[PDB]
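Next comes just one chain, in structure tokens: the form deposited in one PDB entry.
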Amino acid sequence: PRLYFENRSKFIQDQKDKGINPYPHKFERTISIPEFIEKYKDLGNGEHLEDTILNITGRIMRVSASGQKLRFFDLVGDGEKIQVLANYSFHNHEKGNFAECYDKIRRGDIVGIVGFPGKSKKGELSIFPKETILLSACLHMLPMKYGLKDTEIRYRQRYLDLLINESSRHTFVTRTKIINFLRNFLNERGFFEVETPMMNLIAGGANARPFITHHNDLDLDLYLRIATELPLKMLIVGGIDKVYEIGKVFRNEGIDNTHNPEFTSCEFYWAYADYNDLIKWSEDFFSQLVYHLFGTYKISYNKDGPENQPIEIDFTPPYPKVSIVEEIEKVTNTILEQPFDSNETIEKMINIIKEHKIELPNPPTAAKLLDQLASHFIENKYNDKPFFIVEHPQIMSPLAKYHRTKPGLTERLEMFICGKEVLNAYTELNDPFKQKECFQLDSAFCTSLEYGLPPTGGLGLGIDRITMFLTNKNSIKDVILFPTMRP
């Protein structure tokens, strides 16, 4: 129960009373557990290196007292594990009683060990202590793999999940590898990383409810950024012709399996590129990234959890491209002619939503009626592969340059994995005359377009969602170290 904790705290006070520091300041270790394994894994069975005295540290993860002269424990560090073989025969008896100094060690204790390496006669690579010191006690009962199988403990006490579940450390290692590969991918291509503000006086770049904070000495209400689109574009005007940023953005919407209020975004902007270059970049990056982590272009994904059969997702280029409005017309046998904000085709879209009894949008604007229609008729079309939804209308793309041969549409692209959007990119609207919302968006951004924004392609990445599909997770809370929870 909880009496374990109170007894362990009383033990700490008992050691403080006896003149023992249960939290020593420094322990100088000679080697780490992974280095220990690679250095000695090819020892012979039963072999000892009793002349090699090492200092090792780790966390005791299992205790077993066979008889009363041999003590076995599991010592873990950095995700790897070795055994510790405390033999009374090799104990330094001037520095303490053998039995009393090993009876105190509990599961979860951080310890420092002075001893030699070797292998048990069965062949288990072990550390052989002459002396073991408590470094930091685990006062609570450390749970085993049961208990952390599916609770909020993994999300509220992530440290427990990292210690107990081998899967999760590999998961967050993979997330760091993904961001690393992306940063180098762009840097190798001449892109320049920058920091744009997170607090601004308007929130543009996309359209979602923002966070409201107040600056005290400026006496001003500021908005957490919903995207990095606008200031990055101004840098393109500033002559930084290949610029990008990886960081958190904040959208005050609803929490679900693919939405966290703060999430990690990557937006790059690429002068003198168009959406044809953006599609090529998307295909190159995702295929090269998937191969970099798996040595193959095909991966497995448990789309409906580990209790259902998984599907295979081939990342070999090229990916299919599906024009949104044309595909809605093919699936519905409807012809939604322009304008799209017509009451005539707002009526037609509503009747399709009514016929199939799809969710009706909050404000039934054409931009969101088109959204809901694609969400129900295109977005889950391809599951064996990633695919693009391209050539969005202009009333859905206020910042995307108009299509050069298709009136009313933009040169936009979104890439979907298993029906989840992980990418948004388009040829950038750069004619200040045509951004008719300049006379929400900033006036600072509009006047910068008046100084000359070159032809530009821009692309945004949802890093958390890509991590999910590459770590085989169904919820975005499994790829964020401390997801935001309700207390």
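Residue numbers run from 1 along the displayed sequence. Definition used throughout: the rigid core is the maximal C-alpha set that superposes within 1.5 Å between two forms.
Keep in mind that the form deposited in another entry is missing from the display, and what follows is about it.
A.B. asks: Can you tell me which of these residues, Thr365, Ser167, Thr176, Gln157, is the one whose C-alpha shifts by at least 2 angstroms between the shown form and the other one after a rigid core fit?
C.D. replies: Once the cores are aligned, the residue moving by 2 Å or more is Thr365.
A.B. asks: With both forms fit on the core, is the shift of the CA atom of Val331 between the shown form and the other one 2 Å or larger?
C.D. replies: Comparing the forms between the shown form and the other one, which are aligned on their rigid core, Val331 does shift its C-alpha by 2 Å or more.
A.B. asks: Using the rigid core as the reference frame, would you say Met349 shifts its C-alpha by 2 Å or more between the shown form and the other one?
C.D. replies: Comparing forms between the shown form and the other one, the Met349 CA shifts at least 2 Å.
A.B. asks: Please check if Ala374 moves between the shown form and the other one, taking a CA shift of 2 Å or more relative to the superposed core as movement.
C.D. replies: It does, since the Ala374 C-alpha is displaced 2 Å or more between the shown form and the other one after the core fit.
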